[PDB]
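Asks: First the structure, then my questions, so here it is.
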Amino acid sequence: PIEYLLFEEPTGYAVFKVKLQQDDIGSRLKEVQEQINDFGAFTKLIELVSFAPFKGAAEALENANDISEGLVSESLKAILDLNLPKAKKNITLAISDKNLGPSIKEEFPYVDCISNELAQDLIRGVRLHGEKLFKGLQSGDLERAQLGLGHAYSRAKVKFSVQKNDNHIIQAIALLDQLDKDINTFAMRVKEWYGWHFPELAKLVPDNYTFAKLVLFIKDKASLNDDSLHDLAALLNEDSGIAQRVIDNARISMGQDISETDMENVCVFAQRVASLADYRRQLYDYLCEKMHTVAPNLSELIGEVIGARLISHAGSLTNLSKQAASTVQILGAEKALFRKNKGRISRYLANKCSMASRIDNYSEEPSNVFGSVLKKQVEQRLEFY
Amino acid sequence: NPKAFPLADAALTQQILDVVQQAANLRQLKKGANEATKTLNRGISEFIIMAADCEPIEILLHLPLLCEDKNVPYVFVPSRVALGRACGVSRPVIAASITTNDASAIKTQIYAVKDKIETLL
Amino acid sequence: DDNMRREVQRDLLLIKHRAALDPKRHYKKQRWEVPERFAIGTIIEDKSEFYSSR
Amino acid sequence: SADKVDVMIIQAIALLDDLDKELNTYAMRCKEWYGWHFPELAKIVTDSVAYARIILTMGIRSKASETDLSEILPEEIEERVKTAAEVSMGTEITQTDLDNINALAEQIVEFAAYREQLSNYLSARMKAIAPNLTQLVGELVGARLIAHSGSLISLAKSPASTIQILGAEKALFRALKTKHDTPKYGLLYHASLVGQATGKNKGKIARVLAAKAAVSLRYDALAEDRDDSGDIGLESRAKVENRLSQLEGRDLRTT
Amino acid sequence: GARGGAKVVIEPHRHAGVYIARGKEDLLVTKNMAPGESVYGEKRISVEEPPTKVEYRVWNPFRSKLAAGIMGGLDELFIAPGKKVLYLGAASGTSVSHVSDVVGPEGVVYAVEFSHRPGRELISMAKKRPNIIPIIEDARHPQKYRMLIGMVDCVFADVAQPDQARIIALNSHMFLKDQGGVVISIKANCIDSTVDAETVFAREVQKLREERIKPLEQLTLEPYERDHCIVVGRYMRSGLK
RNA sequence: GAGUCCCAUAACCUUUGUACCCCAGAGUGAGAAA
RNA sequence: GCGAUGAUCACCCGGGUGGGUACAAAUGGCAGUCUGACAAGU
């Protein structure tokens, strides 16, 4: 007595019409089970009459939760209303879920829901062939929508959030040290290139970042004016006296003058080193802020940079928390993060560090109150030994 | 809802602690969160007892994640000072573990309480 | 590759006869004819295993 | 003359190889870090510079609906990233995060912008210090040959055979000691002419091209009054092409 | 034994998608989908291939029951490359991540878990592995997540509940294909602690036959686990005779 | 005539410079001080 | 005015040698730049 079948698909809802009804008494016979697998026989049983795709991803999740609780979304109300004929005698609808049945009946008094094994068997067929039954109707791809909906449905129940997230910390550290290496490497090259044109400056201004900025100014050593002397004197300070030495030594040096095109790169290349240092300063401050937000307790106890390195070593804040006190100590024992009486404080700090991580990881909005008192406790231990 | 969950009642807590004190006498009790973390890792823990009044609780909330993943029962007792007294040590204890031993003289009592915690969870 | 670098060849010959390397090991019985597809790899320890297994 | 120092060549090529590595790691870092927000991009768009430009045009998946990416990506690829945007698995990110990831992206395009500038500069230098060599082997391979020897003069004092196999000492010097056959391409394998050849002709062209390379190279290094025209290379290039056409024209199979 | 820098010979296992790393000791290893990281701190093997650096993960039998099944010599596993697998009782990525490795990028895994504390970790691992669909929902009610699961070539159930026989049946009826695989891990203490282990295994097998699952094989997991057995069966809707 | 394709753009060893170490590791688990 | 939120657990004359861990450099070592007259067509 089944006449219509309702199927819920991540793309949308599909309604079918059952042309022929399969044998009830022989339902367990091998033959009636085999026809479910064969597509040639199955098409004779059911046909697609309607398909209403969801408007968007957000709609799919709303119906995914509504279907989970056995509630009838506005979309499902529409498709059934459009299809099911008005009906002494009631149109029969096959649904997978028994919990969904009463909800449909309240909305539509004239439809009877069936979810017995006969209905379950047809649903098994529809799920089995999937897009093949849609006769080319646009269901997108049933697998990609399934994947996207699954993460959406799951995280909604768990209440996953970005505030808890600490992967941002891990990425910044791997980038911060990489910036530090690259700034040094290129800054070294800037010294060599401008070293050829005027080697004595690389001795005068050892600080590379100072050297790069000064090279942007004194492109050609031949240019020497008292006004320029003041301008380069403004760069850094004359306490070292480099302002006077460069003016004097530029007048008198063995530096070999290089081409304008090569000069053009020393300033351009020095500019790139300047930008990276500017970016590295920005990224370091971003890391500092994020630790205070993510792991205020760990960051306050040891420091923003050190704690982030400890988090990266464990691979995640959660991994750090689950570890025992002994394991955390050897976690930073390769870079001496925590460093006989010297060893005792290292071990003592390790236990407190492990305690700090637990508070950060399992609190939705960690505060820094416990981290400070934890640190003062270490300070008293520090004074004692 | 509360982070410390589930919390054993007065009737159960006295039964739990009575097992704790005997396990201490038989050298089958591990005391402290760090010890309890090791036992779960080694898979030698019968079940974990925790203190619900730990200040803050968060310093022992890594155990439930370990306890469930290994399918080891766990329970909260209201008092840490009382739990420490049961353990046989002179300081409060926030977490304890009952080591696994099928040859223990107190096997039946451990299994009796272990059933109650499973139902309570 | 058909080159069959002698360093690789000696490695596999040192695994066919691994029972005699150490007098306290005494592995199971097996033949291990050289497979036609294999690769050589280096283990990477966990950072937590710095003292134990590194 | 300031325009005839080879030490700029050896540093320029050394810097270029360093840049190709660092630009790669930064491109990689952006792919995981921004891929957190939207992991499906890396599979769709593979080019690093293109990937960075997507972040620049649209900061967040929400912008994918209205933001137009046509200049970066073709039509069929560009709609894919729109479809992935609505169904994606990634987490939303704060503006503080976006500014930092956005800053990293600008470094990617900036380095690519500067990398091509360095390549052009090396081309100008190679065309001014050894113009004949560039006409024959090419600027990029030409620079590496100079850098391997350490100086233009030292390469000039090397015979043609060494220049053929300059970049394959390990294979060569392994082969000599063990009484096996020796390599035949070395560093010149990336020369344009050798690429045009096929089969065993690659080895023959490598021999012919290397011999002419030494002639064009020696005229570059030891000529007191060299004109920056490359005429010796250009006529040398014609001979190699003629040898190539005749060498390729022959067919082993019987007709 | 298997220290850091030691070199090993990687060769294929009899089961597709599983590899053996020989040496002084033998290790069961699966190819890593997300190279460069370990999900539960296992040892990893790095191989240079033309050159790209592939990475392998060590499979620890004492942590994953399925791995203990391989070591004891299960004849048939329906988990193979390019097959959809429904993993019930996915506490975390300890064993699902390895199952995700075997199926390959082409296959998929639907990880089903109930408790939320491990679920958050299951989602986190899932993002690194695109072919894992995490379902944080009770496996006793397969209908709640029917939208999220298509047909699955095999069903693997590690759920530790007394009524697991009902869980396996309901999920198999909805999602498992005809002639599809069923693999179940049974812990006798969990089902019935009063009676001995063998009766529970004998009792549990009977329920599967009632539920139209033909048991092909049972294996005990000692010495890795005590009181455990893995039963591999085929879902024969047509007839078990 | 002749192995680019086991990164000579490299690996390994030695020397120097810098910064740390001379305790156990799945570390142990109820003592310490008087 | 303690503690399971964790107690306890190489050499030589204040100075110098020995050994270990991370990085950088070396115009320091391994370390030595292939053969040499034929070939292709009718």
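Residue numbers start at 1 in each chain; chains themselves are named A, B, ... in the order of the structure tokens; ligands are numbered from 1 in the order shown.
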Per residue of range 2-51 of chain C within 10 Å of range 22-29 of chain F, which atom pair is closest and at what distance in Å (one decimal), using only C-alpha atoms (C1' of nucleotides), listed by chain and increasing number, as CSV?
Replies:
```
residue,atom,partner,partner_atom,distance
C:48,CA,F:26,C1',9.6
C:49,CA,F:25,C1',8.3
C:50,CA,F:25,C1',8.8
C:51,CA,F:25,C1',6.1
```
Asks: For N, CA, C and O atoms, I'd like the residues from the last selection saved as a CSV table (one decimal), in the first residue's frame.
Replies:
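See part_28.csv below for the written result:
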```
chain,number,residue,atom,x,y,z
C,48,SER,N,59.3,13.5,22.0
C,48,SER,CA,59.2,13.1,23.3
C,48,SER,C,60.2,11.9,23.6
C,48,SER,O,60.4,11.6,24.8
C,49,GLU,N,60.7,11.2,22.6
C,49,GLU,CA,61.6,10.1,22.7
C,49,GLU,C,63.0,10.5,22.6
C,49,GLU,O,63.8,9.7,22.1
C,50,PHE,N,63.4,11.7,23.0
C,50,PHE,CA,64.7,12.2,22.8
C,50,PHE,C,65.8,11.4,23.5
C,50,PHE,O,66.8,11.1,22.9
C,51,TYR,N,65.5,11.1,24.8
C,51,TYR,CA,66.5,10.3,25.5
C,51,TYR,C,66.3,8.8,25.3
C,51,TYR,O,67.3,8.0,25.2
```
Asks: Could you list, as a ChimeraX atom specification, every residue within 12 Å of residue 205 in chain E, counting only C-alpha atoms (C1' of nucleotides) and ignoring same-chain residues fewer than 2 positions away?
Replies: /E:164-165,183-186,198-203,207-218,229-233
Asks: Residues at most 6 Å from range 66-71 of chain A, counting only C-alpha atoms (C1' of nucleotides), excluding those fewer than 4 positions away in the same chain, as a compact mmCIF listing (two decimals) with N, CA, C and O atoms, in the first residue's frame?
Replies:
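File written: part.txt
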```
# COMPACT_ATOMS: atom_id res chain seq x y z
N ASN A 99 10.40 8.36 14.10
CA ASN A 99 10.24 9.60 14.85
C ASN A 99 9.73 10.73 13.98
O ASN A 99 9.04 11.63 14.47
N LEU A 100 10.06 10.71 12.69
CA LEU A 100 9.61 11.77 11.79
C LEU A 100 8.12 11.65 11.48
O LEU A 100 7.50 12.64 11.06
N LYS E 144 19.56 9.18 12.96
CA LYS E 144 19.82 10.60 13.19
C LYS E 144 20.79 11.16 12.17
O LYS E 144 20.69 12.33 11.78
```
Asks: Give the strand (DSSP E) residues of range 51-133 of chain A, as DSSP finds them on the backbone, and put them as JSON, numbers by chain.
Replies: {"A": [51, 52, 53, 91, 92, 93, 94, 111, 112, 113, 114]}
Asks: Take the residues from that selection and write them out as a CSV table (one decimal), in the first residue's frame, keeping N, CA, C and O atoms.
Replies:
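That gives us part_27.csv:
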```
chain,number,residue,atom,x,y,z
A,51,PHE,N,12.3,16.9,-7.0
A,51,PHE,CA,13.5,17.0,-6.3
A,51,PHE,C,13.7,18.5,-6.0
A,51,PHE,O,13.8,19.3,-7.0
A,52,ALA,N,13.9,18.9,-4.8
A,52,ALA,CA,14.0,20.3,-4.4
A,52,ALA,C,15.3,20.5,-3.7
A,52,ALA,O,15.5,20.3,-2.5
A,53,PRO,N,16.4,21.0,-4.4
A,53,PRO,CA,17.7,21.2,-3.8
A,53,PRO,C,17.6,22.3,-2.7
A,53,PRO,O,16.8,23.3,-2.8
A,91,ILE,N,-3.3,8.9,1.7
A,91,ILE,CA,-2.1,8.7,0.8
A,91,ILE,C,-1.0,8.2,1.7
A,91,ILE,O,-0.8,8.7,2.9
A,92,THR,N,-0.3,7.1,1.3
A,92,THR,CA,0.7,6.5,2.1
A,92,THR,C,2.1,7.0,1.6
A,92,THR,O,2.4,7.0,0.4
A,93,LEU,N,2.9,7.4,2.6
A,93,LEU,CA,4.2,7.9,2.4
A,93,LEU,C,5.2,7.0,3.1
A,93,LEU,O,5.0,6.7,4.3
A,94,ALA,N,6.3,6.6,2.4
A,94,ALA,CA,7.3,5.8,3.0
A,94,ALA,C,8.4,6.7,3.5
A,94,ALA,O,9.0,7.5,2.7
A,111,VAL,N,-2.0,12.2,5.3
A,111,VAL,CA,-1.0,11.3,4.9
A,111,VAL,C,-0.7,10.3,6.0
A,111,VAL,O,-0.6,10.7,7.2
A,112,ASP,N,-0.5,9.0,5.7
A,112,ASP,CA,-0.1,8.0,6.6
A,112,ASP,C,1.4,7.6,6.3
A,112,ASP,O,1.7,7.3,5.2
A,113,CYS,N,2.2,7.6,7.4
A,113,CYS,CA,3.6,7.3,7.3
A,113,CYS,C,3.8,5.8,7.5
A,113,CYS,O,3.2,5.2,8.4
A,114,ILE,N,4.6,5.2,6.7
A,114,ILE,CA,5.0,3.8,6.8
A,114,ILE,C,6.5,3.7,6.9
A,114,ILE,O,7.2,4.4,6.1
```
Asks: How close does each residue of chain E get to chain D, giving the shortest atom pair and distance in Å to one decimal for every residue with an atom at most 12 Å away, counting only C-alpha atoms, sorted by chain and residue number, as CSV?
Replies:
```
residue,atom,partner,partner_atom,distance
E:34,CA,D:32,CA,11.7
E:123,CA,D:89,CA,10.3
E:124,CA,D:90,CA,10.8
E:126,CA,D:89,CA,9.9
E:127,CA,D:89,CA,7.4
E:128,CA,D:39,CA,9.2
E:129,CA,D:39,CA,10.9
E:130,CA,D:39,CA,9.3
E:132,CA,D:89,CA,11.8
E:133,CA,D:89,CA,10.8
E:134,CA,D:89,CA,11.6
```
Asks: Would you output that residue set with N, CA, C and O atoms, as a PDB file, in the first residue's frame?
Replies:
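As a result, selection.pdb now contains:
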```pdb
ATOM      1  N   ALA E  34      48.802  12.545   5.627  1.00  0.00           N
ATOM      2  CA  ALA E  34      49.199  13.905   5.987  1.00  0.00           C
ATOM      3  C   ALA E  34      50.633  13.868   6.496  1.00  0.00           C
ATOM      4  O   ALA E  34      50.863  13.789   7.712  1.00  0.00           O
ATOM      5  N   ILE E 123      37.432  15.699  15.372  1.00  0.00           N
ATOM      6  CA  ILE E 123      37.281  16.724  14.343  1.00  0.00           C
ATOM      7  C   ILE E 123      38.639  17.301  13.971  1.00  0.00           C
ATOM      8  O   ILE E 123      38.940  17.508  12.790  1.00  0.00           O
ATOM      9  N   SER E 124      39.480  17.570  14.972  1.00  0.00           N
ATOM     10  CA  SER E 124      40.772  18.192  14.700  1.00  0.00           C
ATOM     11  C   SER E 124      41.633  17.308  13.807  1.00  0.00           C
ATOM     12  O   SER E 124      42.246  17.792  12.847  1.00  0.00           O
ATOM     13  N   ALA E 126      40.433  15.124  11.816  1.00  0.00           N
ATOM     14  CA  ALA E 126      39.719  14.945  10.557  1.00  0.00           C
ATOM     15  C   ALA E 126      40.091  16.022   9.547  1.00  0.00           C
ATOM     16  O   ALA E 126      40.141  15.760   8.342  1.00  0.00           O
ATOM     17  N   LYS E 127      40.346  17.243  10.015  1.00  0.00           N
ATOM     18  CA  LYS E 127      40.674  18.325   9.092  1.00  0.00           C
ATOM     19  C   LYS E 127      41.966  18.033   8.341  1.00  0.00           C
ATOM     20  O   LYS E 127      42.104  18.393   7.166  1.00  0.00           O
ATOM     21  N   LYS E 128      42.927  17.389   9.002  1.00  0.00           N
ATOM     22  CA  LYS E 128      44.168  17.031   8.325  1.00  0.00           C
ATOM     23  C   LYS E 128      43.943  15.911   7.317  1.00  0.00           C
ATOM     24  O   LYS E 128      44.648  15.830   6.305  1.00  0.00           O
ATOM     25  N   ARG E 129      42.965  15.041   7.574  1.00  0.00           N
ATOM     26  CA  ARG E 129      42.665  13.915   6.697  1.00  0.00           C
ATOM     27  C   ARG E 129      41.370  14.197   5.949  1.00  0.00           C
ATOM     28  O   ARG E 129      40.286  13.996   6.517  1.00  0.00           O
ATOM     29  N   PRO E 130      41.406  14.635   4.688  1.00  0.00           N
ATOM     30  CA  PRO E 130      40.150  14.995   4.010  1.00  0.00           C
ATOM     31  C   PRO E 130      39.170  13.845   3.877  1.00  0.00           C
ATOM     32  O   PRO E 130      37.960  14.089   3.837  1.00  0.00           O
ATOM     33  N   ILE E 132      38.036  11.663   5.891  1.00  0.00           N
ATOM     34  CA  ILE E 132      37.376  11.232   7.119  1.00  0.00           C
ATOM     35  C   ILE E 132      36.184  12.148   7.354  1.00  0.00           C
ATOM     36  O   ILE E 132      36.336  13.373   7.412  1.00  0.00           O
ATOM     37  N   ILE E 133      35.003  11.559   7.497  1.00  0.00           N
ATOM     38  CA  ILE E 133      33.776  12.287   7.797  1.00  0.00           C
ATOM     39  C   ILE E 133      33.458  12.047   9.272  1.00  0.00           C
ATOM     40  O   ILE E 133      33.008  10.949   9.631  1.00  0.00           O
ATOM     41  N   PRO E 134      33.668  13.019  10.161  1.00  0.00           N
ATOM     42  CA  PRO E 134      33.393  12.780  11.582  1.00  0.00           C
ATOM     43  C   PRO E 134      31.924  13.016  11.902  1.00  0.00           C
ATOM     44  O   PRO E 134      31.356  14.048  11.541  1.00  0.00           O
TER      45      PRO E 134
END
```
Asks: Would you mind listing what lies within 9 Å of residue 215 in chain D as a PDB file with N, CA and C atoms, in the first residue's frame, with only C-alpha atoms (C1' of nucleotides) counted and same-chain residues fewer than 6 positions away left out?
Replies:
```
ATOM      1  N   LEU D 133      79.203  34.257 -25.158  1.00  0.00           N
ATOM      2  CA  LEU D 133      78.738  33.047 -24.491  1.00  0.00           C
ATOM      3  C   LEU D 133      77.219  33.026 -24.394  1.00  0.00           C
ATOM      4  N   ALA D 156      87.953  30.000 -19.023  1.00  0.00           N
ATOM      5  CA  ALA D 156      88.582  30.141 -20.331  1.00  0.00           C
ATOM      6  C   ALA D 156      89.814  29.256 -20.451  1.00  0.00           C
ATOM      7  N   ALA D 160      87.732  22.172 -23.854  1.00  0.00           N
ATOM      8  CA  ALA D 160      86.332  21.956 -24.198  1.00  0.00           C
ATOM      9  C   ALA D 160      85.738  20.772 -23.448  1.00  0.00           C
ATOM     10  N   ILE D 232      81.010  36.764 -32.548  1.00  0.00           N
ATOM     11  CA  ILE D 232      81.687  35.470 -32.577  1.00  0.00           C
ATOM     12  C   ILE D 232      80.747  34.374 -32.097  1.00  0.00           C
ATOM     13  N   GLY D 233      79.942  34.666 -31.076  1.00  0.00           N
ATOM     14  CA  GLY D 233      78.949  33.700 -30.639  1.00  0.00           C
ATOM     15  C   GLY D 233      77.877  33.457 -31.683  1.00  0.00           C
ATOM     16  N   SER D 236      79.156  31.396 -34.300  1.00  0.00           N
ATOM     17  CA  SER D 236      79.327  30.088 -33.680  1.00  0.00           C
ATOM     18  C   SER D 236      77.988  29.383 -33.519  1.00  0.00           C
TER      19      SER D 236
END
```
Asks: Counting only C-alpha atoms (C1' of nucleotides), what are the residues of chain F within 12 Å of chain E, and for each of them which pair of atoms is the nearest and at what distance in Å, to one decimal? Sort the table by chain and rising number, as JSON lines.
Replies:
```
{"residue": "F:5", "atom": "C1'", "partner": "E:50", "partner_atom": "CA", "distance": 9.8}
{"residue": "F:6", "atom": "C1'", "partner": "E:51", "partner_atom": "CA", "distance": 11.2}
{"residue": "F:7", "atom": "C1'", "partner": "E:51", "partner_atom": "CA", "distance": 8.7}
```
Asks: Write the residues you've just listed into a file as a PDB file, in the first residue's frame, and include C-alpha atoms (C1' of nucleotides) for each of them.
Replies:
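Saved as result29.pdb:
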```pdb
ATOM      1  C1'   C F   5      68.997  11.767 -13.847  1.00  0.00           C
ATOM      2  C1'   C F   6      73.052   8.586  -5.823  1.00  0.00           C
ATOM      3  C1'   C F   7      70.746  17.173  -5.623  1.00  0.00           C
TER       4        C F   7
END
```
Asks: Which residues of chain E are close to chain C, meaning at most 6 Å apart when you count only C-alpha atoms, and how do they look as JSON, numbers by chain?
Replies: {"E": [3, 4, 5, 6, 7, 8, 9, 10, 11, 43, 44, 45, 46, 47]}
Asks: Taking only C-alpha atoms into account, which residues of chain B are within 9 Å of chain E, as number ranges by chain?
Replies: B: 64-66, 68-71
Asks: Near chain G, meaning an atom within 10 Å, which residues of chain A appear when counting only C-alpha atoms (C1' of nucleotides)? Write them as an mmCIF file with C-alpha atoms, in the first residue's frame.
Replies:
```
data_model
loop_
_atom_site.group_PDB
_atom_site.id
_atom_site.type_symbol
_atom_site.label_atom_id
_atom_site.label_comp_id
_atom_site.auth_asym_id
_atom_site.auth_seq_id
_atom_site.Cartn_x
_atom_site.Cartn_y
_atom_site.Cartn_z
ATOM 1 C CA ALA A 325 55.016 16.379 34.156
ATOM 2 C CA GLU A 334 66.647 19.995 23.463
ATOM 3 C CA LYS A 335 66.539 23.814 23.357
ATOM 4 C CA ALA A 336 66.914 24.148 27.159
ATOM 5 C CA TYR A 348 59.937 22.509 39.473
ATOM 6 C CA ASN A 351 55.453 20.818 36.798
ATOM 7 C CA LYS A 352 54.033 24.336 37.025
ATOM 8 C CA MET A 355 49.704 22.827 35.305
ATOM 9 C CA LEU A 374 51.702 29.968 39.830
#
```
Asks: Return as JSON, numbers by chain the residues belonging to chain E that are within 8 Å of chain A, counting only C-alpha atoms.
Replies: {"E": [116, 119, 120, 123, 133, 134, 135, 136, 137, 143, 144, 145, 147, 148, 149, 150, 151, 173, 174, 175, 177, 178, 237, 238, 239]}
Asks: Might you pull out every residue within 12 Å of residue 57 in chain B, with only C-alpha atoms (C1' of nucleotides) counted and same-chain residues fewer than 2 positions away left off, and present them as JSON, numbers by chain?
Replies: {"A": [355, 358, 359, 360, 362, 363, 370], "B": [2, 3, 4, 5, 33, 50, 51, 52, 53, 54, 55, 59, 60, 61, 62, 63, 64, 76, 78, 79, 80, 94, 95], "G": [5]}
Asks: Compile the residues of chain D that lie within 10 Å of chain A, evaluated using only C-alpha atoms, and express the compilation as a PyMOL selection string.
Replies: chain D and resi 1-5+7-8+11-12+15+18-19+22+25-26+29-30+32-34+36+84+86-94+96-97+99-101+103-104+107+110-111+114+117-118+121-122+124-125
Asks: With DSSP run on the backbone, what are the alpha helix (DSSP H) residues within chain C? I'd like them as a list in words.
Replies: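 Selecting the alpha helix (DSSP H) positions of chain C gives residues 6, 7, 8, 9, 10, 11, 12, 13, 14, 15 and 16 of chain C.
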Asks: Write a file of the selected residues as a short mmCIF file (atom, residue, chain, number, x, y, z; two decimals), in the first residue's frame, keeping C-alpha atoms.
Replies:
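Saved result, result-v8.cif, follows:
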```cif
data_model
loop_
_atom_site.label_atom_id
_atom_site.label_comp_id
_atom_site.auth_asym_id
_atom_site.auth_seq_id
_atom_site.Cartn_x
_atom_site.Cartn_y
_atom_site.Cartn_z
CA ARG C 6 75.75 -3.29 -3.73
CA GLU C 7 75.02 -1.28 -0.58
CA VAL C 8 71.35 -2.15 -1.05
CA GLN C 9 72.18 -5.74 -2.00
CA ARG C 10 74.19 -6.32 1.18
CA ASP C 11 71.37 -4.78 3.24
CA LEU C 12 68.82 -7.32 2.01
CA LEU C 13 71.36 -10.13 2.37
CA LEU C 14 71.76 -8.99 5.99
CA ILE C 15 68.00 -9.43 6.55
CA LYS C 16 67.64 -12.86 4.93
#
```
